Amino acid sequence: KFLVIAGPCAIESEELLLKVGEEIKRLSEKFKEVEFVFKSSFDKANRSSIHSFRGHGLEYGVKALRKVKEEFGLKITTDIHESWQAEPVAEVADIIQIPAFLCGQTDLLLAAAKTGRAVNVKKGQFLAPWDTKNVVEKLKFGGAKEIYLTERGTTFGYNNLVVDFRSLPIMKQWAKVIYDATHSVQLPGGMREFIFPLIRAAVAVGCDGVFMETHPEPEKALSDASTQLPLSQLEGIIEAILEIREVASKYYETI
């Protein structure tokens, strides 16, 4: 079924995770046709500034995510940054996420694949659509069975990203495709006004799921404040994409 990956950008506190988790649980009950996966990072490994928020550590993060899975019975996903983190994370993560900048790091991919868990690789801003084939092959070599490729924008000049929707049908040739509606509109080193419009495009073209970061009060988020979606708007956007998908799916090309 259609996948929806959502949650707060960073694990600011398990309290925050539980609040967002509650709403995601509710939506989960309202849209039985959709598979929800709760996402949150235990560490922001590449903030621009050394003085910005990174997180509270892997242990605190895995624990908080554990609380969410136990308290709401929701699937979990979080990203790893070095090979050694794959094993401890796979304890609670149903899907291991590979950061865009690290999509080419062979050891990280193999470490993730070895855990037996599903792997979702964010397509690097520097990577061409057809070059993701090699990424998938590495993961298969490492034993991965459930593989996802996430479109999150491509470098377009300086401090700007563009979404080349031709990438969706191309990557679909070798993996399930997810569209990241949050980071695709960000300006490296973004405009929330473009999040919904581009999400509509993604489902009209055809993808296997959408990725969206949401926060009760984006204004106060410790990361991606200007792009995280207000929690109260999540339901409406999901309903909208299911409606558009229902109609457009009739024309999705056979890949």
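The first residue of the sequence shown is number 1, and the count goes up from there.
Notebook entry, point to check: What size is the break between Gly189 and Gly190 in terms of deposited sequence residues left without coordinates: none, 1 to 3, 4 to 9, or 10 or more?
Noted result: 4 to 9 residues lack coordinates between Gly189 and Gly190.
Item checked: Between 81-89 and 150-158 (mean CA B-factor, as deposited), the higher -> Looking at the record's C-alpha B-factors, the answer is 81-89.
Check: Comparing 120-128 with 133-141, which stretch shows the greater average C-alpha B-factor in the deposited entry?
Finding: Per the PDB record, 133-141.
Notebook entry, point to check: When the CA B-factors of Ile199, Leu65, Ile50, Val205 are compared as recorded in the entry, which is the largest?
Noted result: If I rank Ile199, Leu65, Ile50, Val205 by C-alpha B-factor, first place goes to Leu65.
Check: When the modelled residues of the chain are sorted by Cα temperature factor, does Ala248 land in the lowest, middle or highest third?
Finding: Its C-alpha B-factor, which the entry lists for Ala248, ranks in the lowest third among residues of this chain.
Checklist line | Chain third (lowest, middle, highest) by recorded CA B-factor, residue given as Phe101 | finding: It belongs to the lowest third of the chain when residues are ordered by C-alpha B-factor.
Item checked: For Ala221, the third of its chain into which the C-alpha B factor falls -> Its C-alpha B-factor, which the entry lists for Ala221, ranks in the highest third among residues of this chain.
Margin query: Is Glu71 in the lowest, middle or highest third of its chain when residues are ranked by C-alpha B-factor?
Written below: For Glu71, whose C-alpha B-factor we compare with every modelled residue in the chain, the answer is the highest third.
Next item on the list: Taking the values exactly as deposited, rank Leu242 by C-alpha B-factor within its chain and report the matching third: lowest, middle or highest.
Entry: CA B-factor rank for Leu242: lowest third.
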